[PDB]
Amino acid sequence: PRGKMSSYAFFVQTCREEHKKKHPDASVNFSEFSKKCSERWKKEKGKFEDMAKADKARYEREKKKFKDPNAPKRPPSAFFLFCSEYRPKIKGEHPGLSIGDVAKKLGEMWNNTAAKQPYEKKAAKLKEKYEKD
Amino acid sequence: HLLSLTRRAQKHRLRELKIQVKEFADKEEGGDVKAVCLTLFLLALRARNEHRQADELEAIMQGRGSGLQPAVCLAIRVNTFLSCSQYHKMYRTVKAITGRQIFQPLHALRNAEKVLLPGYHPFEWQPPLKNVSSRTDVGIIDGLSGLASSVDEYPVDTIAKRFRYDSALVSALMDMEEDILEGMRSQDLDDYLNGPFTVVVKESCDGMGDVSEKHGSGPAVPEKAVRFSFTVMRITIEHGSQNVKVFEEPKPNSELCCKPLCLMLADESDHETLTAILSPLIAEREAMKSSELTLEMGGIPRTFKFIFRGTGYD
Amino acid sequence: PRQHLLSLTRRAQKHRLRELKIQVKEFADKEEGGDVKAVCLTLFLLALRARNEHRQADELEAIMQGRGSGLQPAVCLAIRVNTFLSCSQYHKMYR
Amino acid sequence: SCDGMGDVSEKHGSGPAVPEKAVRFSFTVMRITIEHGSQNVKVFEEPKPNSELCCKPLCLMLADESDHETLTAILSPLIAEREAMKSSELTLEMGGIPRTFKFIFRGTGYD
DNA sequence: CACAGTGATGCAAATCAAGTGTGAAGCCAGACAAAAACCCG
DNA sequence: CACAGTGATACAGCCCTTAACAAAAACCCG
Ligand SMILES: [Ca+2]
Ligand SMILES: [Ca+2]
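Each protein sequence line maps, in turn, to chains A, B, C and D.
Counting with the authors' numbering, you get residues 9 to 50, 55 to 74, 86 to 138, 141 to 158 for the letters of the first sequence.
Using the authors' numbering, you'd call the opening residue of the second sequence number 395 and step up by one each time.
Using the authors' numbering, you'd call the opening residue of the third sequence number 392 and step up by one each time.
Using the authors' numbering, you'd call the opening residue of the fourth sequence number 598 and step up by one each time.
Below, the structure written as C-alpha cells:
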C-alpha cells in the first residue's frame, strides 16, 4: 500500500540508474542530480513513458491522553523490581532474547519461584511514600 | 482560500515569506524560528483582542496537567446543589467532548468524603467517658439505640439516624483547623501553644411538619419530622490571666454553620418516642460535660473544654 | 545587554519585533488577502512540523478550531440548562 | 395540551391582585411526512411522545381555569392564529435550501 | 404500556506500568510534470 | 438587626492600538 510513478517519473528513474551506475559509490548529493535532469528534459521518452503509464491501472488495484503532568505516578511493583533486577542477567547471558520472549521467560521464572520481603515490603514502603508525596 | 488547503501548496505560496522569516531569525537569534514565530503569533492574537486563545496557547506550550483534585470536585458538587446523576452527566459530557478529565469520577469523590465525615480521626478523653465507648471509628449509629421492637414490647413506628456526639465534635473541630491556626497567628500567639482551649456550642431542636410519607415496605411512620443540630460559636484560650477570643462565627444565624447531629420521624408532642430517642444524646452530653478532650492537629496535641448552651428551642 | 527573546515583556517584545511585524503584515495583505492571523498560525504550524511535533500541531489545531481544552458557548449552555444549574450557581462554579 | 394548576402562591409587592392558580398551554410535534413518488413516508416521529423533553411551552398566565371570560380573552388570539394557519403554507430555509411546510392540528391533551 | 432520575453496591473492562531494542511515518534539498479551474477561442 | 439567592442592566476596570519622547538598569573603556 503505497504510491506510484508517472510519465515524468520513469525517465528520472532511468537517469537515476544512469548516475548510480556511472559511480555506485557516491550517491550522497542530490543538488548535482537536481541540476542533471534540467538538461535531460530540455526524444527517447516514449519507450519509457510506456512503462511509466503501464503502472496506471496496476497501482489502481492496490488518541488523547495526559500531557506530561507532575510525576507522583505509578510506584513500582514487586514484579517490576524482579524484572529490573533480573532482565539484564538473561540479556547478558542471551542477547538474542527480545523482551517479548525474554519477558515471557522472566515471567515463567517468577511463576515458579515461591513467594517476598525485599519485594513486597519495599513496594509497600514506596506506596506509603507515594500517598504522602 | 488559504488556511484551508492541504500542505505542499500553502508552503509553495508562502515560501518567500518563510525564507524571509528564516533570514530574519538567522540575523537576530541565529535561527530560533520556533520562539520568534510563537511570539509573533501571540502578539497577533493579542492585537485582535483574543486573550483567551493566546492564554490557552501559552499554557499548552508548557503542556501541563490542568486536572482538579477530588477535593475541589467535591466542593463544587456539594456547594452548588448538584445531584450525583447530574454531576455524572456533566462529567461524561466534558470528558467526551474535551477529550480529557478536567473533573474527577464519582468514586474519587466518594473516597475523599470519608475524610470529612466523622469516625476518621483518632482522639481520646483523658477522663474516660462514663457509659460511652472509647472506640473511635463509629459512623452513623442507628437512632433507635437498640430499642426493643418485639410484638410484646411497646410498639415502634419511627426511624432515626445520628452520629456519636463526641465524634461529631471531634470532626467539627478538625474541620476548623485552619481558622483556629489563623486566629492564633493573628492575635500575636505562637501556633505551637497547646493551652486548654474552651469551646461553646449552641444546640437547637425543632419539629417540622407536612412531610409526606412514602410507599413501600416498613413501619408505618408518621408525617411529623424532628431534627437536632448544634453549632460551634466561640473559642478562647487562657493566656496569662486573660481569655483571648481566637475565633468567633461571623454569621451565627447562617445555615452554612449549622451542622446536623440527628434526624427522626416523630411528633414533637409525642413525649415517649422523643425521650426514647434523645436519651443517649443527653447522656453523652452530661457525661462529657465533666471531662476534657485532647487531639493532635498541626502536629501538636491540644486540650479542649466544652461549655454547652441550649437556646435554639421555641 | 541581550539576554533572550521570551525573557522580555510584551511591550519590549513588540518594540523588538515591530519590523518583522510590519514586513509580515504588508507581505501578507499585498497578495494573500490580508488575514494576518491566518498566515501567522500557518507559518507557525509549518515551523513546528519542521520539528515533526505532530502532537503540538494537532493541539494547536484543536485550540484554534474549538474542539478541546475549552468549550464553545453552546455546549456549556447545554450543560448549564440540562443540569438545572442556576445563573448564580453556575457563576460560582465558573468563578 | 392545556391544564389548570392549583396551589400557586402569590408574592408580595406591587401589581394587580393575582389569583392563586395557574394555567399553561403547550404543543408537541408528532410526525413529519413527505409525499414522495405516489405515496407518503415518515421522516421524523417522536420516540418518546409523553416525555417532558419535547413539551414546548407556548402560553403562560395566572388565572382560574373556570374564569371563562379571562380564559377566552387570553386564548382568543392563539385560536385566531391557529385558524389562520390552518389554511396556509410556510417557506423555510433548511441547510440553505427553501422548504415547504403544511400543518395538521390536533388537540388531544385536554382532560 | 409515564419517565428521568436517587443512592449505593457490585462486577467487568481498560490501563499501566518499567523494563527494550528495532520499525515506521513525516521532513529536506529542486523541479519538471499531472491535473485542474480560470481567461475567453 | 437572618440570610442566601436571582436574573437582567449599567458602569468601572482592565486588556488592546499609534506616537514619538523620556527615564531606568546594566557593560566597555577611561
Ligand atoms: Ca417547627
Ligand atoms: Ca390540573
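All residues carry an ideal CB built from backbone N, CA and C; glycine is no exception.
A Cβ-Cβ contact shorter than 8 Å links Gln480/C with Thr474/B. Here DSSP, grouped into helix, strand and coil, assigns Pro695/B to strand.
Our two residues, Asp67/A and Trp49/A, have alpha carbons roughly 21 Å apart in a direct line. At a cut-off of 8 Å, the C-beta of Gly493/B has a neighbouring C-beta in chain A. The distance from the Cβ of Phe624/D to that of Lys653/D is about 6 Å, consistent with a contact at the 8 Å cut-off.
For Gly706/D, the Cβ stays outside the 7 Å cut-off from all heavy atoms of ligand 2. In the DSSP assignment, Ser598/B falls within the beta strand (DSSP E) that extends over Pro590 to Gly601. In the DSSP assignment, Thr630/D falls outside any alpha helix (DSSP H) and within the unbroken beta strand (DSSP E) covering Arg628 to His633. For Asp158/A, the closest Cβ of chain B is not nearer than 8 Å. Per the coordinates, the alpha-carbon of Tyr559/B lies some 18 Å from the alpha-carbon of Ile629/B.
Among the bridge pairs identified by DSSP, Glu642/B is matched with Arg628/B. Put simply, the CB of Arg458/B is far from chain C, with every gap to its CB atoms at 8 Å or more. Within the same chain, and ignoring the five residues on either side of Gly577/B in sequence, the residues whose Cβ sits closer than 7 Å to its Cβ are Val640 and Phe641. Taken through DSSP and simplified to helix, strand or coil, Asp569/B comes out as helix. Residue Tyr155/A holds the alpha-carbon nearest to the alpha-carbon of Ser100/A among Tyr16/A, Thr22/A, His27/A and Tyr155/A. Look at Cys478/C: its C-beta is not under 8 Å from any C-beta on chain B. Of the residues assessed, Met602/D falls on the exposed side of the cut-off, its CB having fewer than 16 other CB atoms within 10 angstroms. Scanning chain B for C-beta atoms nearer than 8 Å to the C-beta of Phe38/A yields nothing, as the closest lies near 18 Å away. In terms of Cβ geometry, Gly459/B and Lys90/A form a close pair [threshold 8 Å]. In this structure the stretch 518-531 of chain B lies against the stretch 681-689 of chain B, because at least three pairs of beta carbons, one per stretch, are closer than 8 Å. Bridge partners of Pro654/D according to DSSP: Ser623/D. Across the stretch 428-452 of chain B, CB contacts with chain C closer than 9 Å involve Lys428, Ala429, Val430, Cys431, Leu432, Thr433, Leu434, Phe435, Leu436, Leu437, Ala438, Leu439, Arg440, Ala441, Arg442, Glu444, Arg446, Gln447, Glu450 and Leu451, in sequence order along the chain. For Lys421/B, the nearest beta carbon of chain C is not closer than 8 Å to its own beta carbon.
With 6 Å as the limit between CB and the heavy atoms of ligand 1, the residues that fall short of it are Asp600/B, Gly601/B and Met602/B.
With its beta carbon less than 8 Å from one in chain B, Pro92/A belongs to the interface.
Secondary structure of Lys555/B (DSSP, three-state): strand. Taking a beta-carbon distance threshold of 8 Å, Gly425/C does not count as an interface residue toward chain B. Under the 10 Å beta carbon count, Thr433/B is surrounded by 16 or more other beta carbons and is classified as buried. Listed along the chain, the chain B residues whose CB falls inside 8 Å of the CB of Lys87/A are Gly493 and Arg494. Going by DSSP, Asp585/B is part of no alpha helix (DSSP H) at all; its letter is neither H nor E. Comparing C-alpha distances from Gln21/A to each of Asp158/A, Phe41/A and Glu72/A shows the shortest one belongs to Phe41/A.
Around the CB of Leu655/B, 16 or more other CB atoms lie within 10 Å, so the residue is classed as buried. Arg471/B sits in a helix when the DSSP states are folded into three classes.
Apart from the 5 residues on each side of it in sequence, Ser635/D has no Cβ closer than 8 Å to any other Cβ in its chain.
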